[PDB]
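For reference, the structure discussed in these notes is given below.
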Amino acid sequence: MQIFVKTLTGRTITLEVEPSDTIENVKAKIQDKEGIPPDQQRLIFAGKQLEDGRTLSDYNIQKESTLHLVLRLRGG
Amino acid sequence: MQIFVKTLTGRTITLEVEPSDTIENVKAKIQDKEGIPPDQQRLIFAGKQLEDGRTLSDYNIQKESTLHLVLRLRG
């Protein structure tokens, strides 16, 4: 299914995902598509930060839902 | 000299730079430190989108000043 991933300035991309995909999985897909390392990514749905080990369906993320992506700048 | 690079969540890092560094050079340093491809980096100082061919002193970016890093999400 298709979901949207959005930045705080409104920039948007689309991802192909499965309901059982983990957030870890989703970050790997963003890396594949955009070249952003998974440990630089923080994903947000319904104003809450998503945990790597949980699935899309765990968070009731559905087709055409929108997630927000922000940078961790984890390299410091 | 050091400058700050800040995101729209407030996440802020410090970068060691020179006035003569080009914006391209700075994005390379960000790629070096954070693993973010330069093509994903939009840098903004005093309301302006920074262009790769110009230098920090070119934009009057001085010691201890802050610029913003925002994602492009192109590729």
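Residues are referred to by chain and number: the chain letter is A, B, ... according to the order shown in the structure tokens, the number counts from 1 in that chain, and ligands are numbered separately from 1 in the order shown.
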
- Item | Per-residue DSSP, chain A, filtered to alpha helix (DSSP H), as JSON, numbers by chain | {"A": [23, 24, 25, 26, 27, 28, 29, 30, 31, 32, 33, 34]}

Restrict the selected residues to N, CA, C and O atoms and save them as a compact mmCIF listing (two decimals), in the first residue's frame.
# COMPACT_ATOMS: atom_id res chain seq x y z
N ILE A 23 8.69 -0.21 11.60
CA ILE A 23 9.16 1.15 11.39
C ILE A 23 10.62 1.09 10.94
O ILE A 23 11.04 1.86 10.08
N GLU A 24 11.36 0.15 11.52
CA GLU A 24 12.71 -0.18 11.04
C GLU A 24 12.72 -0.41 9.53
O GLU A 24 13.58 0.12 8.80
N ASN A 25 11.77 -1.22 9.07
CA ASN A 25 11.60 -1.51 7.64
C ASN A 25 11.37 -0.25 6.84
O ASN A 25 11.98 -0.04 5.78
N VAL A 26 10.46 0.59 7.33
CA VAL A 26 10.11 1.83 6.65
C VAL A 26 11.32 2.75 6.52
O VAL A 26 11.53 3.37 5.48
N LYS A 27 12.14 2.83 7.57
CA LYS A 27 13.34 3.67 7.52
C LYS A 27 14.34 3.16 6.47
O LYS A 27 14.98 3.95 5.77
N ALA A 28 14.45 1.85 6.35
CA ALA A 28 15.31 1.24 5.34
C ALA A 28 14.79 1.59 3.94
O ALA A 28 15.58 1.83 3.03
N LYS A 29 13.48 1.66 3.78
CA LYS A 29 12.91 2.02 2.48
C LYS A 29 13.17 3.48 2.12
O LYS A 29 13.42 3.81 0.96
N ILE A 30 13.10 4.36 3.11
CA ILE A 30 13.43 5.76 2.92
C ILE A 30 14.91 5.90 2.53
O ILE A 30 15.28 6.70 1.65
N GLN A 31 15.76 5.11 3.17
CA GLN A 31 17.19 5.13 2.83
C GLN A 31 17.41 4.69 1.38
O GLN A 31 18.21 5.29 0.64
N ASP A 32 16.71 3.64 0.98
CA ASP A 32 16.82 3.16 -0.39
C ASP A 32 16.40 4.25 -1.37
O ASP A 32 17.08 4.47 -2.36
N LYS A 33 15.30 4.93 -1.06
CA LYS A 33 14.72 5.90 -1.98
C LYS A 33 15.44 7.25 -1.95
O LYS A 33 15.61 7.89 -2.99
N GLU A 34 15.88 7.67 -0.77
CA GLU A 34 16.35 9.04 -0.58
C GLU A 34 17.81 9.17 -0.14
O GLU A 34 18.38 10.26 -0.21

Distance table requested - chain A against chain B, cut-off 8 Å, only C-alpha atoms: one row per qualifying residue with the closest atom pair and its distance in Å to one decimal, ordered by chain and rising residue number, as CSV.
residue,atom,partner,partner_atom,distance
A:7,CA,B:71,CA,7.2
A:8,CA,B:8,CA,6.9
A:9,CA,B:70,CA,7.6
A:11,CA,B:73,CA,6.6
A:12,CA,B:73,CA,7.1
A:13,CA,B:73,CA,7.0
A:33,CA,B:75,CA,6.5
A:34,CA,B:75,CA,4.6
A:35,CA,B:37,CA,6.6
A:36,CA,B:36,CA,5.7
A:37,CA,B:35,CA,6.6
A:40,CA,B:34,CA,7.6
A:70,CA,B:9,CA,7.4
A:71,CA,B:7,CA,7.4
A:72,CA,B:11,CA,7.0
A:73,CA,B:34,CA,6.1
A:74,CA,B:34,CA,6.7
A:75,CA,B:34,CA,4.8
A:76,CA,B:13,CA,5.8

How would the residues just chosen look if you wrote them out with N, CA, C and O atoms as a PDB file, in the first residue's frame?
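See out_23.pdb below for the written result:
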ATOM      1  N   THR A   7       8.042  16.274   5.343  1.00  0.00           N
ATOM      2  CA  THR A   7       8.906  17.074   6.227  1.00  0.00           C
ATOM      3  C   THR A   7       8.173  18.273   6.821  1.00  0.00           C
ATOM      4  O   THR A   7       7.082  18.601   6.387  1.00  0.00           O
ATOM      5  N   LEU A   8       8.798  18.947   7.789  1.00  0.00           N
ATOM      6  CA  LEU A   8       8.206  20.137   8.401  1.00  0.00           C
ATOM      7  C   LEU A   8       8.094  21.349   7.469  1.00  0.00           C
ATOM      8  O   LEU A   8       7.415  22.312   7.815  1.00  0.00           O
ATOM      9  N   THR A   9       8.733  21.317   6.300  1.00  0.00           N
ATOM     10  CA  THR A   9       8.509  22.375   5.308  1.00  0.00           C
ATOM     11  C   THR A   9       7.506  21.979   4.233  1.00  0.00           C
ATOM     12  O   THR A   9       7.267  22.747   3.293  1.00  0.00           O
ATOM     13  N   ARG A  11       7.680  19.261   2.126  1.00  0.00           N
ATOM     14  CA  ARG A  11       8.244  18.372   1.103  1.00  0.00           C
ATOM     15  C   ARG A  11       7.711  16.953   1.286  1.00  0.00           C
ATOM     16  O   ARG A  11       7.702  16.441   2.398  1.00  0.00           O
ATOM     17  N   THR A  12       7.271  16.319   0.205  1.00  0.00           N
ATOM     18  CA  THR A  12       6.569  15.034   0.346  1.00  0.00           C
ATOM     19  C   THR A  12       7.017  13.959  -0.652  1.00  0.00           C
ATOM     20  O   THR A  12       7.225  14.236  -1.825  1.00  0.00           O
ATOM     21  N   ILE A  13       7.144  12.725  -0.166  1.00  0.00           N
ATOM     22  CA  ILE A  13       7.382  11.577  -1.026  1.00  0.00           C
ATOM     23  C   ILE A  13       6.376  10.465  -0.733  1.00  0.00           C
ATOM     24  O   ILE A  13       5.658  10.489   0.280  1.00  0.00           O
ATOM     25  N   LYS A  33      15.301   4.925  -1.065  1.00  0.00           N
ATOM     26  CA  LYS A  33      14.716   5.900  -1.978  1.00  0.00           C
ATOM     27  C   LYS A  33      15.440   7.251  -1.949  1.00  0.00           C
ATOM     28  O   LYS A  33      15.614   7.891  -2.994  1.00  0.00           O
ATOM     29  N   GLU A  34      15.884   7.668  -0.767  1.00  0.00           N
ATOM     30  CA  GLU A  34      16.353   9.044  -0.580  1.00  0.00           C
ATOM     31  C   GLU A  34      17.810   9.172  -0.138  1.00  0.00           C
ATOM     32  O   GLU A  34      18.382  10.261  -0.205  1.00  0.00           O
ATOM     33  N   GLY A  35      18.407   8.074   0.313  1.00  0.00           N
ATOM     34  CA  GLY A  35      19.807   8.081   0.700  1.00  0.00           C
ATOM     35  C   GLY A  35      20.057   8.603   2.106  1.00  0.00           C
ATOM     36  O   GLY A  35      21.190   8.901   2.480  1.00  0.00           O
ATOM     37  N   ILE A  36      18.991   8.701   2.883  1.00  0.00           N
ATOM     38  CA  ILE A  36      19.068   9.145   4.272  1.00  0.00           C
ATOM     39  C   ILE A  36      19.245   7.956   5.206  1.00  0.00           C
ATOM     40  O   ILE A  36      18.414   7.047   5.212  1.00  0.00           O
ATOM     41  N   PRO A  37      20.337   7.943   5.989  1.00  0.00           N
ATOM     42  CA  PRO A  37      20.566   6.772   6.846  1.00  0.00           C
ATOM     43  C   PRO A  37      19.441   6.599   7.868  1.00  0.00           C
ATOM     44  O   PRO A  37      18.921   7.597   8.374  1.00  0.00           O
ATOM     45  N   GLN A  40      19.475   8.490  11.103  1.00  0.00           N
ATOM     46  CA  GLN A  40      19.229   9.933  11.028  1.00  0.00           C
ATOM     47  C   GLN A  40      17.741  10.268  11.012  1.00  0.00           C
ATOM     48  O   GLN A  40      17.370  11.438  11.083  1.00  0.00           O
ATOM     49  N   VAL A  70      11.669  13.798  10.431  1.00  0.00           N
ATOM     50  CA  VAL A  70      12.592  14.835  10.865  1.00  0.00           C
ATOM     51  C   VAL A  70      13.962  14.227  11.118  1.00  0.00           C
ATOM     52  O   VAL A  70      14.086  13.034  11.414  1.00  0.00           O
ATOM     53  N   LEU A  71      14.994  15.052  10.991  1.00  0.00           N
ATOM     54  CA  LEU A  71      16.369  14.600  11.145  1.00  0.00           C
ATOM     55  C   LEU A  71      16.781  14.501  12.609  1.00  0.00           C
ATOM     56  O   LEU A  71      16.474  15.390  13.398  1.00  0.00           O
ATOM     57  N   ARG A  72      17.523  13.452  12.962  1.00  0.00           N
ATOM     58  CA  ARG A  72      18.120  13.361  14.290  1.00  0.00           C
ATOM     59  C   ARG A  72      19.495  14.037  14.391  1.00  0.00           C
ATOM     60  O   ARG A  72      19.925  14.387  15.487  1.00  0.00           O
ATOM     61  N   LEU A  73      20.166  14.212  13.251  1.00  0.00           N
ATOM     62  CA  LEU A  73      21.559  14.674  13.199  1.00  0.00           C
ATOM     63  C   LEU A  73      22.393  13.893  14.216  1.00  0.00           C
ATOM     64  O   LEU A  73      23.077  14.459  15.068  1.00  0.00           O
ATOM     65  N   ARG A  74      22.314  12.569  14.102  1.00  0.00           N
ATOM     66  CA  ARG A  74      22.859  11.665  15.102  1.00  0.00           C
ATOM     67  C   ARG A  74      24.389  11.626  15.139  1.00  0.00           C
ATOM     68  O   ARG A  74      24.976  11.151  16.108  1.00  0.00           O
ATOM     69  N   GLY A  75      25.033  12.134  14.092  1.00  0.00           N
ATOM     70  CA  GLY A  75      26.484  12.183  14.051  1.00  0.00           C
ATOM     71  C   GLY A  75      27.057  13.252  14.969  1.00  0.00           C
ATOM     72  O   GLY A  75      28.212  13.176  15.379  1.00  0.00           O
ATOM     73  N   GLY A  76      26.245  14.258  15.287  1.00  0.00           N
ATOM     74  CA  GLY A  76      26.660  15.313  16.193  1.00  0.00           C
ATOM     75  C   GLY A  76      27.800  16.160  15.662  1.00  0.00           C
ATOM     76  O   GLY A  76      28.409  16.930  16.410  1.00  0.00           O
TER      77      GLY A  76
END

Excluding residue 17 (chain A) and its own-chain neighbours fewer than 2 positions away, which residues fall within 12 Å of it when counting only C-alpha atoms? Please give them as a PDB file with C-alpha atoms, in the first residue's frame.
ATOM      1  CA  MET A   1       0.000   0.000   0.000  1.00  0.00           C
ATOM      2  CA  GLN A   2       0.958   3.649  -0.453  1.00  0.00           C
ATOM      3  CA  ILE A   3       1.743   6.092   2.378  1.00  0.00           C
ATOM      4  CA  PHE A   4       3.113   9.617   2.396  1.00  0.00           C
ATOM      5  CA  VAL A   5       6.195  10.848   4.192  1.00  0.00           C
ATOM      6  CA  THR A  14       5.480   8.321  -1.439  1.00  0.00           C
ATOM      7  CA  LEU A  15       6.409   4.897  -0.064  1.00  0.00           C
ATOM      8  CA  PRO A  19       0.697  -3.234   6.948  1.00  0.00           C
ATOM      9  CA  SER A  20       3.105  -5.637   8.702  1.00  0.00           C
ATOM     10  CA  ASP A  21       6.221  -3.577   7.860  1.00  0.00           C
ATOM     11  CA  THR A  22       8.121  -2.439  10.913  1.00  0.00           C
ATOM     12  CA  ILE A  23       9.158   1.150  11.392  1.00  0.00           C
ATOM     13  CA  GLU A  24      12.707  -0.178  11.043  1.00  0.00           C
ATOM     14  CA  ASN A  25      11.602  -1.506   7.644  1.00  0.00           C
ATOM     15  CA  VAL A  26      10.111   1.825   6.649  1.00  0.00           C
ATOM     16  CA  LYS A  27      13.342   3.674   7.521  1.00  0.00           C
ATOM     17  CA  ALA A  28      15.309   1.242   5.340  1.00  0.00           C
ATOM     18  CA  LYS A  29      12.909   2.023   2.480  1.00  0.00           C
ATOM     19  CA  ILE A  30      13.427   5.760   2.916  1.00  0.00           C
ATOM     20  CA  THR A  55       4.559  -2.225  12.766  1.00  0.00           C
ATOM     21  CA  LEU A  56       2.528   0.197  10.654  1.00  0.00           C
ATOM     22  CA  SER A  57      -0.672  -1.525  11.793  1.00  0.00           C
ATOM     23  CA  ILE A  61      -1.155   3.727   9.803  1.00  0.00           C
ATOM     24  CA  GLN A  62      -3.350   2.979   6.771  1.00  0.00           C
ATOM     25  CA  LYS A  63      -3.189   3.465   2.995  1.00  0.00           C
ATOM     26  CA  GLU A  64      -2.664   7.156   2.112  1.00  0.00           C
ATOM     27  CA  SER A  65      -1.783   7.994   5.715  1.00  0.00           C
TER      28      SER A  65
END

- In Å and to one decimal, CA of residue 41 (chain A) is distant from CA of residue 69 (chain A) by 6.5 Å

- Task: Please give the complete set of residues from chain B that DSSP, run on the backbone, assigns to strand (DSSP E), formatted as JSON, numbers by chain.
- Result: {"B": [2, 3, 4, 5, 6, 12, 13, 14, 15, 16, 41, 42, 43, 44, 45, 48, 49, 66, 67, 68, 69, 70, 71]}

Save the residues we just selected, N, CA, C and O atoms, as an mmCIF file, in the first residue's frame?
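Output (result.cif):
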data_model
loop_
_atom_site.group_PDB
_atom_site.id
_atom_site.type_symbol
_atom_site.label_atom_id
_atom_site.label_comp_id
_atom_site.auth_asym_id
_atom_site.auth_seq_id
_atom_site.Cartn_x
_atom_site.Cartn_y
_atom_site.Cartn_z
ATOM 1 N N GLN B 2 33.611 28.374 14.162
ATOM 2 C CA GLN B 2 32.472 27.487 14.297
ATOM 3 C C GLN B 2 31.172 28.199 13.938
ATOM 4 O O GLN B 2 30.997 29.397 14.204
ATOM 5 N N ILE B 3 30.278 27.450 13.307
ATOM 6 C CA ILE B 3 28.922 27.899 13.040
ATOM 7 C C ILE B 3 27.949 26.826 13.517
ATOM 8 O O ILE B 3 28.339 25.688 13.767
ATOM 9 N N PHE B 4 26.679 27.186 13.636
ATOM 10 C CA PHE B 4 25.670 26.208 14.056
ATOM 11 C C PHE B 4 24.766 25.856 12.892
ATOM 12 O O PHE B 4 24.436 26.706 12.072
ATOM 13 N N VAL B 5 24.342 24.599 12.843
ATOM 14 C CA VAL B 5 23.402 24.160 11.837
ATOM 15 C C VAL B 5 22.198 23.596 12.579
ATOM 16 O O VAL B 5 22.354 22.681 13.382
ATOM 17 N N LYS B 6 21.034 24.188 12.328
ATOM 18 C CA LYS B 6 19.828 23.912 13.109
ATOM 19 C C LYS B 6 18.703 23.402 12.225
ATOM 20 O O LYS B 6 18.539 23.855 11.097
ATOM 21 N N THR B 12 20.418 20.962 16.909
ATOM 22 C CA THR B 12 21.491 21.889 16.528
ATOM 23 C C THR B 12 22.855 21.247 16.684
ATOM 24 O O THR B 12 23.179 20.710 17.749
ATOM 25 N N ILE B 13 23.663 21.291 15.625
ATOM 26 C CA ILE B 13 25.039 20.816 15.710
ATOM 27 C C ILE B 13 26.011 21.955 15.445
ATOM 28 O O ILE B 13 25.627 23.005 14.948
ATOM 29 N N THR B 14 27.270 21.750 15.795
ATOM 30 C CA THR B 14 28.297 22.742 15.483
ATOM 31 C C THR B 14 29.181 22.201 14.362
ATOM 32 O O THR B 14 29.428 21.009 14.299
ATOM 33 N N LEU B 15 29.629 23.084 13.480
ATOM 34 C CA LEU B 15 30.497 22.736 12.360
ATOM 35 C C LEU B 15 31.735 23.627 12.402
ATOM 36 O O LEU B 15 31.619 24.829 12.633
ATOM 37 N N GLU B 16 32.915 23.056 12.186
ATOM 38 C CA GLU B 16 34.127 23.876 12.121
ATOM 39 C C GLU B 16 34.415 24.241 10.665
ATOM 40 O O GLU B 16 34.656 23.369 9.835
ATOM 41 N N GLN B 41 20.304 18.278 1.035
ATOM 42 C CA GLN B 41 20.514 19.421 1.921
ATOM 43 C C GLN B 41 20.104 20.756 1.314
ATOM 44 O O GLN B 41 20.666 21.199 0.303
ATOM 45 N N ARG B 42 19.148 21.416 1.953
ATOM 46 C CA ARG B 42 18.885 22.805 1.652
ATOM 47 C C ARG B 42 19.372 23.613 2.843
ATOM 48 O O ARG B 42 18.916 23.404 3.977
ATOM 49 N N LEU B 43 20.315 24.517 2.593
ATOM 50 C CA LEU B 43 20.830 25.370 3.664
ATOM 51 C C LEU B 43 20.258 26.781 3.538
ATOM 52 O O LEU B 43 20.152 27.326 2.441
ATOM 53 N N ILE B 44 19.860 27.352 4.668
ATOM 54 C CA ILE B 44 19.187 28.636 4.675
ATOM 55 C C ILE B 44 19.797 29.542 5.728
ATOM 56 O O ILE B 44 19.893 29.161 6.893
ATOM 57 N N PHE B 45 20.208 30.734 5.311
ATOM 58 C CA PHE B 45 20.784 31.715 6.226
ATOM 59 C C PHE B 45 20.109 33.059 6.017
ATOM 60 O O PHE B 45 20.009 33.524 4.883
ATOM 61 N N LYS B 48 17.603 33.202 3.293
ATOM 62 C CA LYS B 48 18.051 32.912 1.932
ATOM 63 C C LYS B 48 18.537 31.476 1.724
ATOM 64 O O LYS B 48 19.274 30.929 2.544
ATOM 65 N N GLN B 49 18.118 30.880 0.609
ATOM 66 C CA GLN B 49 18.626 29.587 0.162
ATOM 67 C C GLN B 49 20.073 29.722 -0.287
ATOM 68 O O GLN B 49 20.360 30.492 -1.193
ATOM 69 N N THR B 66 24.049 31.035 13.040
ATOM 70 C CA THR B 66 23.242 29.845 12.816
ATOM 71 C C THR B 66 22.644 29.846 11.422
ATOM 72 O O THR B 66 22.104 30.864 10.982
ATOM 73 N N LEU B 67 22.720 28.706 10.732
ATOM 74 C CA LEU B 67 21.914 28.514 9.528
ATOM 75 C C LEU B 67 21.004 27.310 9.724
ATOM 76 O O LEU B 67 21.217 26.500 10.631
ATOM 77 N N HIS B 68 19.990 27.208 8.876
ATOM 78 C CA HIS B 68 19.071 26.087 8.957
ATOM 79 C C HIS B 68 19.346 25.051 7.886
ATOM 80 O O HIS B 68 19.717 25.378 6.755
ATOM 81 N N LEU B 69 19.165 23.801 8.283
ATOM 82 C CA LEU B 69 19.229 22.653 7.379
ATOM 83 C C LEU B 69 17.817 22.080 7.259
ATOM 84 O O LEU B 69 17.176 21.745 8.258
ATOM 85 N N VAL B 70 17.358 21.949 6.029
ATOM 86 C CA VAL B 70 16.021 21.475 5.719
ATOM 87 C C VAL B 70 16.153 20.403 4.630
ATOM 88 O O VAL B 70 16.999 20.535 3.757
ATOM 89 N N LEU B 71 15.361 19.330 4.689
ATOM 90 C CA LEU B 71 15.484 18.264 3.687
ATOM 91 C C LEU B 71 14.832 18.607 2.347
ATOM 92 O O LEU B 71 13.769 19.217 2.309
#

- Item | Between CA of residue 10 (chain B) and CA of residue 59 (chain B) - distance in Å to one decimal |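 Separating CA of residue 59 (chain B) from CA of residue 10 (chain B) is a distance of 22.4 Å.
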
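In this model, the gap between CA of residue 45 (chain A) and CA of residue 10 (chain A) comes to 14.9 Å.
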
- Query: Residues at most 6 Å from residue 43 (chain A), counting only C-alpha atoms, excluding those fewer than 5 positions away in the same chain, as a ChimeraX atom specification?
  - Reply: /A:49-50,68-69

Take the selection from the previous step and output its residues with N, CA and C atoms, as a CSV table (one decimal), in the first residue's frame.
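What landed in result.csv:
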chain,number,residue,atom,x,y,z
A,49,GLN,N,6.1,9.9,18.3
A,49,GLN,CA,7.3,9.3,17.7
A,49,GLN,C,7.2,7.8,17.5
A,50,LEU,N,7.6,7.2,16.4
A,50,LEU,CA,7.3,5.8,16.2
A,50,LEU,C,8.6,5.0,16.5
A,68,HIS,N,5.4,12.0,9.3
A,68,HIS,CA,6.3,13.1,9.3
A,68,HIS,C,7.7,12.6,9.5
A,69,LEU,N,8.7,13.1,8.7
A,69,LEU,CA,10.1,12.7,8.9
A,69,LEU,C,10.9,14.0,9.3
